[PDB]
Asker: 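Right, I'll just put the structure down here and ask away after.
Chain letters run A, B, ... following the sequence lines, proteins first, then strands; residues in each count from 1.
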Amino acid sequence: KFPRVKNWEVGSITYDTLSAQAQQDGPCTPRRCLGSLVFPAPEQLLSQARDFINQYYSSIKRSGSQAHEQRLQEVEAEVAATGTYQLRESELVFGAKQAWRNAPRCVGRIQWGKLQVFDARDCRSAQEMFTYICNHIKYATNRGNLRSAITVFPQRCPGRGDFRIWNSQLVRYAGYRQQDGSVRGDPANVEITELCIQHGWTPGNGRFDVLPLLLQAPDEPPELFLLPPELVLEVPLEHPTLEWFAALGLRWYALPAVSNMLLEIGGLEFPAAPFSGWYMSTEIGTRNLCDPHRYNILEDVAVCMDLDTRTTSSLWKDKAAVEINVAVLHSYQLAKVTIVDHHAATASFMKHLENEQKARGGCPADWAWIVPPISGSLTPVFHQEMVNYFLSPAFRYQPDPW
Amino acid sequence: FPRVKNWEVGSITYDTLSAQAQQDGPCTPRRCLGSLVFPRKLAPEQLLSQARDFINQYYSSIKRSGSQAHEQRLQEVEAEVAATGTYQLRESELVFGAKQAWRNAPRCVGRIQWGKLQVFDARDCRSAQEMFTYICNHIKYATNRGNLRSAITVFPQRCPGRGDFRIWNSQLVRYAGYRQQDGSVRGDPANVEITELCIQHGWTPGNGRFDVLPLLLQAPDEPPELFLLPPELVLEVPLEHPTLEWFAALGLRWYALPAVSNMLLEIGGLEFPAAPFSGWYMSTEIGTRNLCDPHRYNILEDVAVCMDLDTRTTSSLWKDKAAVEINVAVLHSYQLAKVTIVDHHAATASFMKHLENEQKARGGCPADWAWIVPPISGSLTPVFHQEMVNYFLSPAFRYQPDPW
Ligand code: HEM
Ligand code: HEM
Ligand SMILES: Cc1cc(N)nc2cc(CNCCc3ccc(C#N)cc3)ccc12
Ligand SMILES: Cc1cc(N)nc2cc(CNCCc3ccc(C#N)cc3)ccc12
Ligand SMILES: C[C@H](O)[C@H](O)[C@H]1CNc2nc(N)[nH]c(=O)c2N1
Ligand SMILES: C[C@H](O)[C@H](O)[C@H]1CNc2nc(N)[nH]c(=O)c2N1
Ligand SMILES: [Cl-]
Ligand SMILES: [Cl-]
Ligand SMILES: [Gd]
Ligand SMILES: [Gd]
Ligand SMILES: [Gd]
Ligand SMILES: [Zn+2]
C-alpha cells in the first residue's frame, strides 16, 4: 500500500508510510509524470488548523492533554468570531521549522531543527519592514559564521492587503539590458532591476551592483530601500592555483536569503516571511556562474585554461566547471564565510533520510532537485530512490505582486 | 495538455502525445515515484484491440490508413486470433514495431537514431544452438569491426501451451563477478548472481577482473545450455589516458557492444521475451557508472591517489577531478581504437533535436528526465533545463521477471 523505496548503492529498502498523509495534490497522474516541472472556507481553514494544532501538540508529547483540546475549541471559537485566528509564539516557531523540514527540494534539511525565528507579526510599515530585514541580515551573516534564520511578518488577513517583499532574494545583483539584447550583471534579475529604476532608483554600470529593496506595506505602493554597503558581506572569487582567475573580477555574496515565497501554517498564510541558510558551492559555481542564461563564464574560463573548446569530447566544459567550483569553495573558505560542498551536503542529507524514516516513517524529497547539478552519481543521493509529495506546513511559490 | 517549458531558452511546447498514453505508470496526485527504477508490478478480449490500433498506427505511418490496402490486414488479423488465439506479424510490421518501441523508450537518450535499426527475424528459431547462432551473427553485424550499428534480433513470440525463449544474461557481453573470502567481489559486482548461475551450469570460471561471461540460453520448456562466445567475437578496448601515462598500467578495459538481452518486446499485444538489441555506448555509462559507482568497479579513489590528489577532504573535489579524467580516458581510448562512442554533451544535444523533431511529428515525446540527464555535469548539458513528460506508449520495451 505504501511505496517501496530502495537505495541502489547499498541495497536497503524502506517503505514511505508518511506519504499517505500528504495533504495536497501534485502534478502527476497514473498516465503521465510531471516531476520535472519547476512550477507544478471556514470549514476548510478549520480542518487545516485542527491538523496543525494536532501536530504541534504531538511534538511536545502533549497529545490529548487539555492544553490540547482547550486550544482546539479556542481556535474554532476565534474563527467563528473573526474568520481567522492567531498563532501563539511557540506554535509559530514549530510551524516555521516544520515548513523547512517539509521542503522536498532542500538538501540542507539535516539542519531543520536549528532555525532562528524572528516574530515580526506586529510590523506596521515599510520603514519598520526594512528595519526587521536589516536586523535579519546582520544576525544570519554573523561576520561569516552563518546562521539559519526566518523573519515572519503579518499573516494575510481580510480587509487589509499583504506585506510583500518584491525582490526574489534579499541580496541580488542588478541586470542591465543592453540593446544588443545582451545583459550586464545577472540576467535573472532584469525584471526586478527595471522595476527598481521605475520606482526612482539610480542604477549603476557594474556586473555586481547590489539591488535595492522594494518593500510593500498593505494597500501602499512599494517603497525603495538601499541596503547599507557594510551589511552585505561579499566574497571576491579567486582560484587556489589559477592566478589569472582573480582577474575575472568575479564576486558572490555570502547570504542566500529567499524573500518571495509564501509560508503556510495551519491554514494561515504569510506572504512575507524571508528565510536564509548558507550556500552549497554548486549553486554559485555551476548554476549562478555557468548556466548559459545566467553569468555564463564557462567558455571564458576554459579558453583561459587553454582547453580545447572546439570539440565536446575533450570535456572542456566539465573541466572548467570543476575548477570554477574549486575556486568558489576556496574563495569562501579564505574569506571565512560558511559554505558546503555537494559531497558533504548530500552525505548529511543521507543521515537526514535515516533520521526522518525513524521519526515520521518517511521523508518527502524531489530527486531532481536533491541531486547536485554536477557529479550526481558520485553523490550517494543519486542511487537513492525518493517519494515526492506535499506536507503542511510548507513554503509555496506565489505570484509576483506586479 | 501539459505545458512544457525550456528554461535555457524560454520556449513552450504542449505534449498532445501524452493523451494517447494508455498504460498507467507509478505516480498519483498524492505522491511522485518517477525516481523508482522499477515501477514494478512486473484471452481474445483486447489482444484483438491491442492489435487493431497497432495495425492502424502502422497504416497511418505509411499514409495508407482508411484506404483500401488497410482493408484486409485489419479485415482479419482477427481470424488468425479467432482460429488459433494469436496472430503473426508480417515482416514489415515487425520492423515498424521494433523501431517504434525504441522511439517510445523514455529512458533512452540516443533516440535521434531510432529510424536506423537493423531487425533480424529469428522467429523461425527453435533450438538453443540455433539461438546461439542468431546471437553471434548479431554481435558480428552490430560490432562491425568497431563501426558499430544499431541492431535487434527478434526470437519467437510467447504463447500459452509452450515455454518462453529467454536469454539469461542481462547483456550479451558481461564481465564475471566472483564472490570472495572477504565477502567482497572480484570482477563486476553487478554480475555476481549470473556468474555462479553460469558456474555450475557447467562453466569453468576464470581468475580475472574482466572474464567475459558465457551465454546461458533457454529454448521453450527445456533447461538452459551454456555457450562460450568466441574471443574474436568480443571486441574490447584497453583503457589509456592521453597524458597520464600511468593510467594504462591500471589495466582497465571495457567491451564495445552494449547489448541488452533480458527485456520483453511488446508489439501489438504480442510479447517477445527474448529479443536482444544493441547500439553504442555513451562515454558516461563506462566512465562514470560502470567504473566509478561504489557498488560497481569502484575505482575512483585509486585514480585520485595516482593523480596525487588530496583524498582527506571532500572540498578538494578530488572525486570530481578523478571522474572527469576516467571519462577523458574512456573517450580517448575508444577513438584510438576506432570504436564508435559518443560523449554526453554530443548525445544530449542530439536528443534536444530529437525532441523538436518529435514535437512536429507526433506532438510530444515520452522522456524520463532522471535517466536522460547525464550522471556527471548534468546542468552543463541542454537536457537539464528542459521539462519533460514521462508516459508509456506502445509498442514498447518492458522489464520482466528473471526466468529462474
Ligand atoms: C543552511 C544551509 C542550507 C542549504 C545548504 C540549503 C540547500 C538548498 C539547495 C541547494 C536548494 C536547491 C535550490 C536550487 O538549487 O536552486 C534548496 C532548496 C530549498 N530550500 Fe534549502 N538550504 C539551506 C537552508 C534552508 C532554510 C533555512 C530553509 C527554510 C527556512 C530552506 C528551505 C528550502 C526551500 C523551501 C527550497 C525550495 C525552494 C524553491 O523550490 O524555490 N533551506 N536548499
Ligand atoms: C545507438 C545509440 C544509443 C545510445 C547512445 C543509447 C543510450 C542509452 C542510455 C545512456 C541509456 C541509459 C541506460 C543506463 O544508463 O542504464 C539507454 C537506455 C535504453 N535504451 Fe538507448 N542507446 C542507444 C541505442 C538504443 C537502441 C538500438 C535501442 C532499442 C533498439 C535503445 C533503447 C533503450 C531502452 C529500451 C533503454 C532503457 C534501459 C532500461 O530501462 O534499463 N537504445 N540508452
Ligand atoms: C535557503 C536556501 C539556501 C541555499 N543554499 N540555497 C537556496 C536556493 C534557493 C533557490 N530557490 C530558487 C529556485 C527557483 C526560483 C524561481 C524560479 C523561477 N522562475 C526558478 C527556480 C532557495 C533557498 C535556498
Ligand atoms: C541499448 C543501449 C544502448 C546504450 N548505449 N546503453 C544502454 C544501457 C542500458 C542499461 N540498461 C540496464 C540498466 C539497469 C539494468 C538493471 C537494473 C536492475 N536491477 C538497473 C538498471 C540498456 C540499453 C542500452
Ligand atoms: C527543468 C529542470 O528540471 C529545472 O531547471 C531544475 C532541475 N533541477 C534543479 N535542481 C536544483 N537543486 N535547482 C534547480 O534550479 C533545478 N532546476
Ligand atoms: C534512484 C534513481 O532514480 C536511480 O539511481 C537512477 C537515476 N537515473 C539513472 N539513469 C540511468 N540512465 N541509469 C541509472 O542507473 C540511473 N539510476
Ligand atoms: Cl542563489
Ligand atoms: Cl554496462
Ligand atoms: Gd599557477
Ligand atoms: Gd576577456
Ligand atoms: Gd608519483
Ligand atoms: Zn511523477
Asker: Checking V37(B) against chain A: side chain, backbone, both or neither under 4.5 Å from a heavy atom?
Answerer: both

Asker: Do you know which two heavy atoms are closest between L317(B) and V322(A), and how far apart they sit?
Answerer: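 The answer is CD1-O, 4.0 Å.
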
Asker: Is chain A contacted by the side chain of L331(B), its backbone, both, or neither, given a heavy-atom distance below 4.5 Å?
Answerer: side chain

Asker: Checking side-chain contact (heavy atoms from CB on, under 4.5 Å) against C33(A), which of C27(B), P2(B), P26(B), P366(B) comes through?
Answerer: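 Exactly one pass, corresponding to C27(B).
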
Asker: Return each pair, listed once, that meets salt bridge (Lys or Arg N to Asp or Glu O under 4.0 Å) where at least one residue sits in residues 373-382 of chain A; pairs must be two or more places apart or across chains.
Answerer: none

Asker: Non-hydrogen atoms of chain B under 4.5 Å away: do they reach the side chain of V38(A), the backbone, both or neither?
Answerer: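 Both parts, heavy atoms under 4.5 Å.
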
Asker: So which of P292(A), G376(A), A20(A) has the largest heavy-atom pair count under 4.5 angstrom toward chain B?
Answerer: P292(A)

Asker: Chain B and chain A: which donor-acceptor pairs fall below 3.5 Å?
Answerer:
{"unit_1": "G25(B)", "atom_1": "N", "unit_2": "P30(A)", "atom_2": "O", "d": "2.5"}
{"unit_1": "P29(B)", "atom_1": "O", "unit_2": "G26(A)", "atom_2": "N", "d": "2.7"}
{"unit_1": "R30(B)", "atom_1": "NE", "unit_2": "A22(A)", "atom_2": "O", "d": "2.5"}
{"unit_1": "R30(B)", "atom_1": "NH1", "unit_2": "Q24(A)", "atom_2": "O", "d": "3.3"}
{"unit_1": "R30(B)", "atom_1": "NH1", "unit_2": "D25(A)", "atom_2": "OD1", "d": "2.2"}
{"unit_1": "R30(B)", "atom_1": "NH2", "unit_2": "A22(A)", "atom_2": "O", "d": "3.3"}
{"unit_1": "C32(B)", "atom_1": "N", "unit_2": "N388(A)", "atom_2": "O", "d": "2.7"}
{"unit_1": "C32(B)", "atom_1": "O", "unit_2": "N388(A)", "atom_2": "N", "d": "3.1"}
{"unit_1": "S35(B)", "atom_1": "OG", "unit_2": "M386(A)", "atom_2": "N", "d": "2.9"}
{"unit_1": "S35(B)", "atom_1": "OG", "unit_2": "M386(A)", "atom_2": "O", "d": "2.8"}
{"unit_1": "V37(B)", "atom_1": "N", "unit_2": "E385(A)", "atom_2": "OE2", "d": "3.3"}
{"unit_1": "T314(B)", "atom_1": "OG1", "unit_2": "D341(A)", "atom_2": "OD2", "d": "2.9"}
{"unit_1": "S315(B)", "atom_1": "N", "unit_2": "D341(A)", "atom_2": "OD2", "d": "3.4"}
{"unit_1": "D320(B)", "atom_1": "OD1", "unit_2": "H343(A)", "atom_2": "NE2", "d": "2.6"}
{"unit_1": "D320(B)", "atom_1": "OD2", "unit_2": "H342(A)", "atom_2": "NE2", "d": "2.9"}
{"unit_1": "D320(B)", "atom_1": "OD2", "unit_2": "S375(A)", "atom_2": "OG", "d": "2.3"}
{"unit_1": "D343(B)", "atom_1": "OD1", "unit_2": "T312(A)", "atom_2": "OG1", "d": "3.4"}
{"unit_1": "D343(B)", "atom_1": "OD2", "unit_2": "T312(A)", "atom_2": "OG1", "d": "2.2"}
{"unit_1": "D343(B)", "atom_1": "OD2", "unit_2": "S313(A)", "atom_2": "N", "d": "3.4"}
{"unit_1": "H344(B)", "atom_1": "NE2", "unit_2": "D318(A)", "atom_2": "OD2", "d": "2.8"}
{"unit_1": "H345(B)", "atom_1": "NE2", "unit_2": "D318(A)", "atom_2": "OD1", "d": "2.6"}
{"unit_1": "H345(B)", "atom_1": "NE2", "unit_2": "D318(A)", "atom_2": "OD2", "d": "3.4"}
{"unit_1": "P375(B)", "atom_1": "O", "unit_2": "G376(A)", "atom_2": "N", "d": "3.4"}
{"unit_1": "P375(B)", "atom_1": "O", "unit_2": "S377(A)", "atom_2": "N", "d": "3.3"}
{"unit_1": "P375(B)", "atom_1": "O", "unit_2": "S377(A)", "atom_2": "OG", "d": "3.1"}
{"unit_1": "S377(B)", "atom_1": "OG", "unit_2": "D318(A)", "atom_2": "OD2", "d": "2.4"}
{"unit_1": "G378(B)", "atom_1": "N", "unit_2": "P373(A)", "atom_2": "O", "d": "3.4"}
{"unit_1": "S379(B)", "atom_1": "N", "unit_2": "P373(A)", "atom_2": "O", "d": "2.9"}
{"unit_1": "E387(B)", "atom_1": "OE2", "unit_2": "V38(A)", "atom_2": "N", "d": "3.1"}
{"unit_1": "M388(B)", "atom_1": "N", "unit_2": "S36(A)", "atom_2": "OG", "d": "3.1"}
{"unit_1": "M388(B)", "atom_1": "O", "unit_2": "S36(A)", "atom_2": "OG", "d": "2.8"}
{"unit_1": "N390(B)", "atom_1": "N", "unit_2": "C33(A)", "atom_2": "O", "d": "3.3"}
{"unit_1": "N390(B)", "atom_1": "O", "unit_2": "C33(A)", "atom_2": "N", "d": "2.9"}

Asker: Looking at chain B, which one of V340(A), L37(A), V10(A), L298(A) has the largest number of heavy-atom pairs inside 4.5 Å, strictly under?
Answerer: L37(A)

Asker: Is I341(B) close to chain A through its backbone or its side chain, or both, or neither, when contacts mean heavy atoms under 4.5 Å?
Answerer: neither

Asker: Counting only non-hydrogen atoms closer than 4.5 Å, does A323(B) touch chain A with its backbone (N, CA, C, O), its side chain (CB onward), both, or neither?
Answerer: side chain

